[PDB]
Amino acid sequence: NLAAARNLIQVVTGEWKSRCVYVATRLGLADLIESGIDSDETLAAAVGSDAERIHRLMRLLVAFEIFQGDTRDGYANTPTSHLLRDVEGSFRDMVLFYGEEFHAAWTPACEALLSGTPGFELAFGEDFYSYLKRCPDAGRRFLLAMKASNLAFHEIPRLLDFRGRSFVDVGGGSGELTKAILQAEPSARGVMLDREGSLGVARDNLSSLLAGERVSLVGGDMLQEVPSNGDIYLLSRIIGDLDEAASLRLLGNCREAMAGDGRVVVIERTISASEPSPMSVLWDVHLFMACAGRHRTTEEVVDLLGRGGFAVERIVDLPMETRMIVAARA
């Protein structure tokens, strides 16, 4: 009952820790501190607070190993708080977006789980993808939030050998996975496929790589055709939105288009059918809350790969509860 009350209270009050991290990010404390503004007084002066309130917020965060030090010798960053800094590749924009849009989305979680309308849609009056287009700047902020998952993408070219290979990023969106591969392995060449008229974001995000002729963009419908003669076909976050049939159209398109000995690589969160990792299932509820998305089990994807003519060769756990499943032609 004691351990149980203590664990329960941790979970109940976890939200207040999220808020405190969000406030530390909004206030730019991690930046100020790295700069040497590192006392209660100087921090309070910089952000417009009071020294005692800063002291209390800092005491909390330090106790949870987010920052370190004290007001007298000075506060400093820890590996976790460095991620809050306003620097390339940090988690700052993800923290802010999650503490704003997704904080609002998770407020009507009860009515969402009862009705089946995502909490996001209840909170904002339109579906998520609609919101990113409507609400001014939301799209830009969300792409910055998503850069946080360059964590999994940076691992792919460390696990998979792209040296002298051509790859096809099917349904690439902004091009972050293509970008990460091409940054890591200079002899690799890619094609990114997306809907015609959808290539603008990628044209800008990939401008230097396009200028260097390391990549080309193609407009097309992946269900009708994929760019041919690739060695590796990346399906990143594609399968989850597709039903049995469209998934088999897509997989058949890659199976027939790829070079001899080519591979299909599915990159996606999948849930272990038994003993799922607690974080993977938290992401799964979140996918509902955000957009009524649904995850497959690892088994369902492996079996789906088989029905599309592939033999799985590797299943690798990536950062942020993402899997990489590599399949060759059966």
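Numbering starts at 1 and follows the sequence shown.
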| remark: Entry B factor averaged over C-alpha atoms, 109-117 against 246-254: higher for 246-254
| field | Entry-level comparison of average CA B-factors, 22-30 and 273-281, reporting the higher stretch | value | 273-281
| remark: From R165, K179, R92, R72, the top C-alpha temperature factor is at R72
| said: Maximum C-alpha temperature factor per the entry, among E88, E100, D169, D231, belongs to which one? | reply: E88
| query | Hey, what third does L193 fall into on Cα B-factor, ranked over its chain? | reply | middle
| note | For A76, the third of its chain by CA B-factor is the middle
| query | Against its chain's modelled residues, does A259's Cα B factor rank lowest, middle or highest third? | reply | middle
| Lowest, middle or highest third: where is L84 by C-alpha B factor in its chain? | lowest
| task | Consider only the C-alpha atoms of the modelled residues in this chain, order them by B-factor as the entry records it, and name the third containing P157: lowest, middle or highest. | result | lowest
